[PDB]
Structures are given as C-alpha cells and as structure tokens.
Amino acid sequence: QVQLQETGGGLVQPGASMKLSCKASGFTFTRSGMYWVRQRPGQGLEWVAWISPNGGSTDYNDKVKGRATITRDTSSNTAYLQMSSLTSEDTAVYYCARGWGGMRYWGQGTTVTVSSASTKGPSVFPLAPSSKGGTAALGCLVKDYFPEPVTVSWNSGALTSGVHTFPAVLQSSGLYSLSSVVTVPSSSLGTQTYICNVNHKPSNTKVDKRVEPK
Amino acid sequence: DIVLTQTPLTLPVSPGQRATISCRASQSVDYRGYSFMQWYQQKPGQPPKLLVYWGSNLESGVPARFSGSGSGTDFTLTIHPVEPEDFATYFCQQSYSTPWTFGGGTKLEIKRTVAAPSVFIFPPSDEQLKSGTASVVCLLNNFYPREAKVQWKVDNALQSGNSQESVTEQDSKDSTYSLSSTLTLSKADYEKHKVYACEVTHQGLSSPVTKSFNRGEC
C-alpha cells in the first residue's frame with residue numbers, strides 16, 4: 001500500500017515550537033510534491049506549507065510565513081514541518097499530504113494544541129437508565145479533561161450497535177467534556193453488563209465504568 | 001491569492017437525487033486544456049479524500065456517480081445518484097499558483113422521512129455530587145431533521161447560559177441525528193431545587209415532549 005505516518009503532535013506552550021514528521025511507502029513517483037494542510041477545531045481546511053518535488057522552492061501561508069520551515073529527507077523518504085512562536089490560532093489538526101496532480105495520499109492527522117493549560121484526566125460518571133417503555137438508554141459522561149482527545153468504546157468494542165458517542169464540548173472552564181450513550185433492550189438490563197471504556201491518552205487515564213440502573 | 005468561493009454553504013438532498021456543488025475562482029486556474037481544480041470529500045473524524053483532480057479527472061477508486069467539470073473560474077462537482085454514505089463536507093482546491101487555497105466547504109446532509117426523537121433525562125450521579133458539580137443530561141435520540149430545540153427548566157425557571165449541547169453526525173446506517181444537552185450546576189444550586197426537566201420541541205412531535213425527575217426519588 002502507499003501509506004503516510006504523521007508524528008510529533010501534542011500539547012505545546014504558547015511561544016514554543018513544534019516539529020511534525022511524515023513517513024511514506026512505495027511512492028517515490030518523483031513528480032509529486034509534499035503538502036501540509038491544517039484544520040482548526042470546527043473549521044475547514046487551510047493550506048499551510050509546500051515543498052516542491054525536487055527540493056528547490058518551498059512555500060507558506062502568510063499566517064505562518066517566517067515562523068515555519070518545511071524540509072524533506074529524500075534518503076529516509078520523510079518530510080518535516082517545524083514551526084515556532086506558536087499561538088492559540090495555530091491550534092489545529094495538522095494533515096500531511098502528497099501527490100502528483102492533487103493531494104491524493106493523506107495521513108490520518110495530528111492534533112497540536114497550543115495552551116498553557118495543564119493536562120487533566122477525565123472523571124467518568126454514569127448516565128443510569130430508568131427504573132421505567134420497551135427500550136432502555138444508558139451512557140457515560142466524561143467530564144473535565146484536557147487536552148483532546150478522548151476515546152470511548154463499549155464492552156471493549158464488542159458492543160457497537162446503538163452507540164452514539166458525541167463530539168466533545170469546550171466548557172467555560174476551558175476543560176473538555178463529552179457523553180457517549182447506547183440504547184439497549186430493557187429486558188437485557190438484568191442479564192447483560194454494559195461497561196464504557198474511556199481512555200484519555202494525554203493524561204495516561206484509562207477507565208472502565210460499568211453502568212447499571214439506580 | 002486565488003480566492004475560491006464555494007456555494008451553497010449547506011445542502012440537503014434525497015438518495016437518488018442530483019446534488020450540484022459549485023466553486024468560483026477569483027481568477028483563472030487554467031493552462032492549455034488543463035484546469036488545475038481539485039475536489040475533496042471529508043467525512044468527519046477523517047482526512048480528506050481526493051475525488052476529482054484537474055477539473056474533471058475522476059480519481060481511480062471513486063465511483064462514477066461523482067463527476068467534476070468546469071473551466072477558467074466556474075467549476076462544479078455533481079453527485080448523481082446521491083447515496084446515504086455521501087454525507088460529508090466537500091471542498092474545492094486550486095493548484096495553479098501559490099498560495100494554494102481551498103474553498104470554505106459545502107456540507108451535504110442526506111434527506112429522509114421525518115423521525116421523532118426518543119427523549120431521555122439523566123440525573124447527576126451520587127459519584128459526581130460528592131465533588132463540586134452536578135451535570136444533568138437530556139438525550140434526544142435518532143431523529144430527523146436536525147432542527148430541534150431543548151429547553152431546561154429548574155423549578156419552572158427557564159435556564160439559559162448553563163446548558164451545552166452537541167450533536168452526532170448523520171447516522172448513514174439510518175440517516176438520523178442524535179443530540180445531548182448537558183445542564184451544569186453547582187452542588188449547592190442543585191440541592192436548592194426539586195424539579196428538573198427538559199422540554200423537547202421537534203417537527204416529528206405533535207406537541208413538545210417533556211422528560212423530568214424530582215431530586216431524591218428513584
């Protein structure tokens with residue numbers, strides 16, 4: 001396959017720097033430039049930087065000009081975006097792209113969060129059902145974590161049907177919070193257990209919360 | 001700068017129907033026969049996917065029901081037939097002269113029959129109340145269309161300013177939305193009142209549904 005692997009994201013202080021990387025496989029076409037595109041939370045795509053197929057000529061968005069360096073190592077088949085004097089307006093998911101014509105191969109993205117806020121693990125509370133209809137609803141509230149992201153599965157991924165995991169919400173405190181819910185047969189509340197699996201990697205927090213009625 | 005204006009901003013369309021997104025460039029994007037205009041599809045929580053490159057070359061692996069066209073300034077991505085999986089934001093992008101620039105995006109909703117939400121209210125856990133805060137969650141589940149209103153009332157006082165809601169992306173499986181409104185209070189305030197309720201208004205309900213509890217009672 002022709003994959004791109006994006007590394008070096010994470011939480012950074014205002015005025016600090018970042019250095020992202022992009023590794024590749026099998027292309028190596030030689031007529032194909034390397035791009036960096038970013039996406040600010042809840043917004044569209046913004047072009048950041050570009051390095052031409054042969055090295056010579058780089059290029060930058062005016063928002064980032066002076067502060068960014070795009071380079072490529074032809075031997076390791078890897079590109080880099082270094083960027084300095086970072087502000088909160090640089091907080092975004094940085095995408096790495098490559099191709100000849102358009103941008104046909106993308107990496108999955110890497111979140112850079114510019115903030116002097118502290119990393120904080122979530123508290124995970126149940127959304128317990130009634131105590132009554134014909135179908136029950138239950139969930140987990142993941143409160144007061146920073147930065148993003150957080151990951152919620154149910155019964156270690158064995159329960160996928162009826163699950164709605166909601167987008168995170170930035171609270172007035174500056175901490176994030178999200179809810180994940182699942183609708184299940186009320187007849188199976190007695191028999192089967194429902195555990196939400198939360199993981200907030202940034203804080204090393206990994207929690208299993210069982211949800212029962214009461 | 002080649003400014004790309006993309007219209008319309010949002011667009012709901014039925015399965016089988018034709019959806020036409022257009023992109024207008026502030027100046028020409030052409031050299032000889034070639035027009036350097038690309039189309040990307042971003043489903044949420046995912047990187048953009050190349051659909052059409054250089055005006056009208058359908059990217060390999062993409063189905064033929066997608067097709068791009070246009071010259072100079074005016075370009076159009078058409079989808080026909082539209083399908084439930086085509087929920088996404090679509091982006092035009094120019095690669096004629098630096099800086100490379102994208103359009104603002106166009107958000108494609110899928111249409112379907114009206115579906116009322118199933119409303120659930122969740123009181124705060126004893127767990128949470130031990131700490132400073134009380135979070136009360138109202139869940140509107142599997143409804144169409146997206147437009148719904150949630151109203152929190154605490155001992156008959158309409159709350160506003162202390163509620164926050166988010167909405168799932170359209171289910172594709174059944175093309176519904178779901179939505180959670182989360183009312184946040186101090187422990188103190190939470191024990192100062194008895195009756196907590198969310199009233200949901202929605203098109204598929206013949207009059208607003210209210211789900212509530214009284215603090216304490218099972």
# chains A, B, ... in the order shown; residues from 1 in each chain; ligands from 1
call {"tool": "closest_atom_pairs", "arguments": {"of": "region 41-68 of chain B", "to": "region 8-29 of chain B", "cutoff": "10 Å", "atoms": "only C-alpha atoms", "output": "JSON lines"}}
result
{"residue": "B:54", "atom": "CA", "partner": "B:29", "partner_atom": "CA", "distance": 9.7}
{"residue": "B:55", "atom": "CA", "partner": "B:29", "partner_atom": "CA", "distance": 9.5}
{"residue": "B:65", "atom": "CA", "partner": "B:18", "partner_atom": "CA", "distance": 9.6}
{"residue": "B:66", "atom": "CA", "partner": "B:19", "partner_atom": "CA", "distance": 9.8}
{"residue": "B:67", "atom": "CA", "partner": "B:20", "partner_atom": "CA", "distance": 9.9}
{"residue": "B:68", "atom": "CA", "partner": "B:22", "partner_atom": "CA", "distance": 9.5}
call {"tool": "closest_atom_pairs", "arguments": {"of": "chain A", "to": "chain B", "cutoff": "9 Å", "atoms": "only C-alpha atoms", "output": "CSV"}}
result
residue,atom,partner,partner_atom,distance
A:43,CA,B:104,CA,8.8
A:44,CA,B:104,CA,6.3
A:45,CA,B:102,CA,6.6
A:46,CA,B:102,CA,6.7
A:47,CA,B:101,CA,6.2
A:48,CA,B:100,CA,8.8
A:49,CA,B:99,CA,8.7
A:50,CA,B:100,CA,8.8
A:59,CA,B:99,CA,7.4
A:60,CA,B:99,CA,7.1
A:61,CA,B:99,CA,6.5
A:62,CA,B:99,CA,8.7
A:95,CA,B:47,CA,7.4
A:101,CA,B:53,CA,6.4
A:102,CA,B:53,CA,5.6
A:103,CA,B:50,CA,6.7
A:104,CA,B:50,CA,5.4
A:105,CA,B:49,CA,8.0
A:106,CA,B:47,CA,6.4
A:107,CA,B:47,CA,6.9
A:108,CA,B:47,CA,5.6
A:109,CA,B:47,CA,6.7
A:123,CA,B:128,CA,8.4
A:124,CA,B:128,CA,8.8
A:125,CA,B:125,CA,6.5
A:126,CA,B:125,CA,6.6
A:127,CA,B:122,CA,5.8
A:128,CA,B:122,CA,6.6
A:129,CA,B:122,CA,7.3
A:130,CA,B:218,CA,8.3
A:131,CA,B:218,CA,7.2
A:137,CA,B:120,CA,7.3
A:138,CA,B:122,CA,8.7
A:141,CA,B:137,CA,8.7
A:164,CA,B:168,CA,7.0
A:165,CA,B:168,CA,7.3
A:166,CA,B:168,CA,5.5
A:167,CA,B:166,CA,6.1
A:168,CA,B:166,CA,7.5
A:169,CA,B:166,CA,7.0
A:171,CA,B:164,CA,8.0
A:178,CA,B:166,CA,8.6
A:179,CA,B:180,CA,7.7
A:181,CA,B:139,CA,8.7
A:183,CA,B:141,CA,8.9
A:214,CA,B:218,CA,7.0
call {"tool": "write_last_selection", "arguments": {"atoms": "C-alpha atoms", "output": "mmCIF file, in the first residue's frame"}}
result
data_model
loop_
_atom_site.group_PDB
_atom_site.id
_atom_site.type_symbol
_atom_site.label_atom_id
_atom_site.label_comp_id
_atom_site.auth_asym_id
_atom_site.auth_seq_id
_atom_site.Cartn_x
_atom_site.Cartn_y
_atom_site.Cartn_z
ATOM 1 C CA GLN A 43 -13.482 24.751 10.780
ATOM 2 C CA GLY A 44 -12.475 23.975 7.208
ATOM 3 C CA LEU A 45 -9.211 23.166 5.507
ATOM 4 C CA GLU A 46 -6.321 25.673 5.444
ATOM 5 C CA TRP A 47 -3.185 25.225 3.370
ATOM 6 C CA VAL A 48 -0.022 25.687 5.498
ATOM 7 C CA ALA A 49 3.125 24.736 3.553
ATOM 8 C CA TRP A 50 4.510 23.003 0.467
ATOM 9 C CA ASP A 59 6.097 27.922 0.096
ATOM 10 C CA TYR A 60 3.996 29.034 3.089
ATOM 11 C CA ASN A 61 0.679 30.572 4.149
ATOM 12 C CA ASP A 62 1.072 34.228 5.227
ATOM 13 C CA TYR A 95 -2.559 16.967 7.975
ATOM 14 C CA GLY A 101 -1.906 16.493 -9.657
ATOM 15 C CA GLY A 102 -3.899 16.865 -6.485
ATOM 16 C CA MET A 103 -3.258 15.747 -2.913
ATOM 17 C CA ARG A 104 -4.129 12.035 -3.225
ATOM 18 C CA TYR A 105 -2.461 10.384 -0.191
ATOM 19 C CA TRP A 106 -3.196 11.854 3.273
ATOM 20 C CA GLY A 107 -2.094 10.988 6.788
ATOM 21 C CA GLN A 108 -4.733 10.496 9.471
ATOM 22 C CA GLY A 109 -3.869 13.890 11.048
ATOM 23 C CA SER A 123 -13.836 11.899 35.674
ATOM 24 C CA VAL A 124 -16.259 9.303 34.272
ATOM 25 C CA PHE A 125 -19.807 9.304 35.634
ATOM 26 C CA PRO A 126 -22.723 7.041 34.691
ATOM 27 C CA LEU A 127 -25.847 8.063 32.851
ATOM 28 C CA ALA A 128 -28.027 5.497 34.558
ATOM 29 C CA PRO A 129 -31.325 4.361 32.982
ATOM 30 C CA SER A 130 -34.839 4.096 34.484
ATOM 31 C CA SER A 131 -36.465 2.395 36.631
ATOM 32 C CA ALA A 137 -30.914 4.127 27.149
ATOM 33 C CA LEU A 138 -27.721 4.400 29.193
ATOM 34 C CA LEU A 141 -20.282 11.264 30.935
ATOM 35 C CA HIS A 164 -23.769 7.359 19.850
ATOM 36 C CA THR A 165 -20.512 8.954 21.072
ATOM 37 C CA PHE A 166 -20.970 12.720 20.994
ATOM 38 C CA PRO A 167 -18.479 15.413 19.978
ATOM 39 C CA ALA A 168 -16.520 16.951 22.821
ATOM 40 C CA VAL A 169 -17.570 20.365 24.104
ATOM 41 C CA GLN A 171 -16.690 24.281 28.648
ATOM 42 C CA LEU A 178 -18.300 14.501 26.254
ATOM 43 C CA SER A 179 -21.058 11.945 26.612
ATOM 44 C CA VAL A 181 -24.665 6.690 25.070
ATOM 45 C CA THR A 183 -29.733 2.203 23.535
ATOM 46 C CA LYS A 214 -30.098 3.481 40.053
#
call {"tool": "closest_residue", "arguments": {"among": "B:198, B:158, B:62, B:92", "to": "residue 76 (chain B)", "atoms": "only C-alpha atoms"}}
result
B:92
call {"tool": "select_by_dssp", "arguments": {"residues": "region 26-198 of chain B", "states": "alpha helix (DSSP H)", "output": "ChimeraX atom specification"}}
result
/B:126-130,187-192
call {"tool": "write_last_selection", "arguments": {"atoms": "C-alpha atoms", "output": "mmCIF file, in the first residue's frame"}}
result
data_model
loop_
_atom_site.group_PDB
_atom_site.id
_atom_site.type_symbol
_atom_site.label_atom_id
_atom_site.label_comp_id
_atom_site.auth_asym_id
_atom_site.auth_seq_id
_atom_site.Cartn_x
_atom_site.Cartn_y
_atom_site.Cartn_z
ATOM 1 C CA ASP B 126 -24.037 10.452 43.594
ATOM 2 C CA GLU B 127 -20.491 9.880 42.415
ATOM 3 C CA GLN B 128 -20.341 13.398 40.848
ATOM 4 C CA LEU B 129 -22.242 15.261 43.561
ATOM 5 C CA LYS B 130 -19.511 14.275 46.079
ATOM 6 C CA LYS B 187 -23.926 21.090 44.055
ATOM 7 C CA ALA B 188 -25.365 23.906 46.195
ATOM 8 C CA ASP B 189 -27.754 25.104 43.427
ATOM 9 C CA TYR B 190 -28.710 21.512 42.580
ATOM 10 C CA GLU B 191 -29.857 20.796 46.170
ATOM 11 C CA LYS B 192 -31.659 24.152 46.342
#
call {"tool": "residues_around", "arguments": {"residues": "residue 1 (chain A)", "least_positions_apart": "2", "cutoff": "9 Å", "atoms": "only C-alpha atoms", "output": "VMD selection string"}}
result
chain A and resid 3 25 to 26
call {"tool": "decode", "arguments": {"residues": "region 91-180 of chain A", "atoms": "C-alpha atoms", "output": "short mmCIF file (atom, residue, chain, number, x, y, z; two decimals), in the first residue's frame"}}
result
data_model
loop_
_atom_site.label_atom_id
_atom_site.label_comp_id
_atom_site.auth_asym_id
_atom_site.auth_seq_id
_atom_site.Cartn_x
_atom_site.Cartn_y
_atom_site.Cartn_z
CA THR A 91 -4.11 25.04 17.44
CA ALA A 92 -5.32 22.58 14.80
CA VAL A 93 -5.17 19.07 13.35
CA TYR A 94 -2.15 19.17 11.05
CA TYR A 95 -2.56 16.97 7.98
CA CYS A 96 0.29 15.73 5.82
CA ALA A 97 -0.47 15.19 2.13
CA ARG A 98 1.32 14.08 -1.01
CA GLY A 99 0.67 13.51 -4.70
CA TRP A 100 1.00 14.36 -8.36
CA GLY A 101 -1.91 16.49 -9.66
CA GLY A 102 -3.90 16.86 -6.48
CA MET A 103 -3.26 15.75 -2.91
CA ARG A 104 -4.13 12.03 -3.22
CA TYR A 105 -2.46 10.38 -0.19
CA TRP A 106 -3.20 11.85 3.27
CA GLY A 107 -2.09 10.99 6.79
CA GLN A 108 -4.73 10.50 9.47
CA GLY A 109 -3.87 13.89 11.05
CA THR A 110 -2.09 15.01 14.23
CA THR A 111 -3.57 17.43 16.83
CA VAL A 112 -1.37 20.28 18.02
CA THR A 113 -2.83 22.14 20.99
CA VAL A 114 -1.26 25.49 21.91
CA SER A 115 -2.19 26.18 25.53
CA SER A 116 -0.63 26.89 28.93
CA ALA A 117 -3.48 24.83 30.49
CA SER A 118 -2.49 21.70 32.41
CA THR A 119 -3.16 18.17 31.21
CA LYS A 120 -6.02 16.78 33.24
CA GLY A 121 -7.62 13.34 33.20
CA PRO A 122 -11.41 12.98 32.98
CA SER A 123 -13.84 11.90 35.67
CA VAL A 124 -16.26 9.30 34.27
CA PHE A 125 -19.81 9.30 35.63
CA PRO A 126 -22.72 7.04 34.69
CA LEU A 127 -25.85 8.06 32.85
CA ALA A 128 -28.03 5.50 34.56
CA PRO A 129 -31.32 4.36 32.98
CA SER A 130 -34.84 4.10 34.48
CA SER A 131 -36.46 2.39 36.63
CA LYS A 132 -39.01 2.91 33.77
CA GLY A 133 -41.23 1.71 27.80
CA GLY A 134 -39.78 -1.04 25.54
CA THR A 135 -36.12 0.01 25.06
CA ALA A 136 -33.64 1.47 27.62
CA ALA A 137 -30.91 4.13 27.15
CA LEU A 138 -27.72 4.40 29.19
CA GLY A 139 -24.32 6.11 28.93
CA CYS A 140 -21.13 7.62 30.32
CA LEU A 141 -20.28 11.26 30.93
CA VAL A 142 -16.58 12.04 30.53
CA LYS A 143 -16.04 15.34 32.37
CA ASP A 144 -13.28 17.85 32.85
CA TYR A 145 -10.38 16.62 30.74
CA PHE A 146 -7.69 18.44 28.75
CA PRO A 147 -6.45 18.43 26.05
CA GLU A 148 -8.25 16.35 23.42
CA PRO A 149 -8.72 13.57 22.51
CA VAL A 150 -10.76 11.05 24.43
CA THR A 151 -11.79 7.56 23.28
CA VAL A 152 -14.96 5.69 24.28
CA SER A 153 -15.85 2.13 23.34
CA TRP A 154 -18.46 -0.19 24.90
CA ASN A 155 -17.77 -3.71 26.24
CA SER A 156 -14.22 -3.49 24.83
CA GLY A 157 -15.61 -2.81 21.31
CA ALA A 158 -17.93 -5.86 21.39
CA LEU A 159 -20.98 -3.54 21.58
CA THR A 160 -21.14 -1.15 18.60
CA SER A 161 -24.82 -1.14 17.67
CA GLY A 162 -26.99 1.64 19.17
CA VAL A 163 -23.91 3.60 20.31
CA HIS A 164 -23.77 7.36 19.85
CA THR A 165 -20.51 8.95 21.07
CA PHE A 166 -20.97 12.72 20.99
CA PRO A 167 -18.48 15.41 19.98
CA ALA A 168 -16.52 16.95 22.82
CA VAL A 169 -17.57 20.36 24.10
CA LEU A 170 -15.23 23.05 25.37
CA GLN A 171 -16.69 24.28 28.65
CA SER A 172 -16.44 27.75 30.20
CA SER A 173 -13.74 26.31 32.49
CA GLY A 174 -11.58 25.53 29.44
CA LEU A 175 -11.87 21.82 30.15
CA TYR A 176 -13.48 19.45 27.67
CA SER A 177 -16.37 17.11 28.28
CA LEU A 178 -18.30 14.50 26.25
CA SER A 179 -21.06 11.95 26.61
CA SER A 180 -21.32 8.50 24.98
#
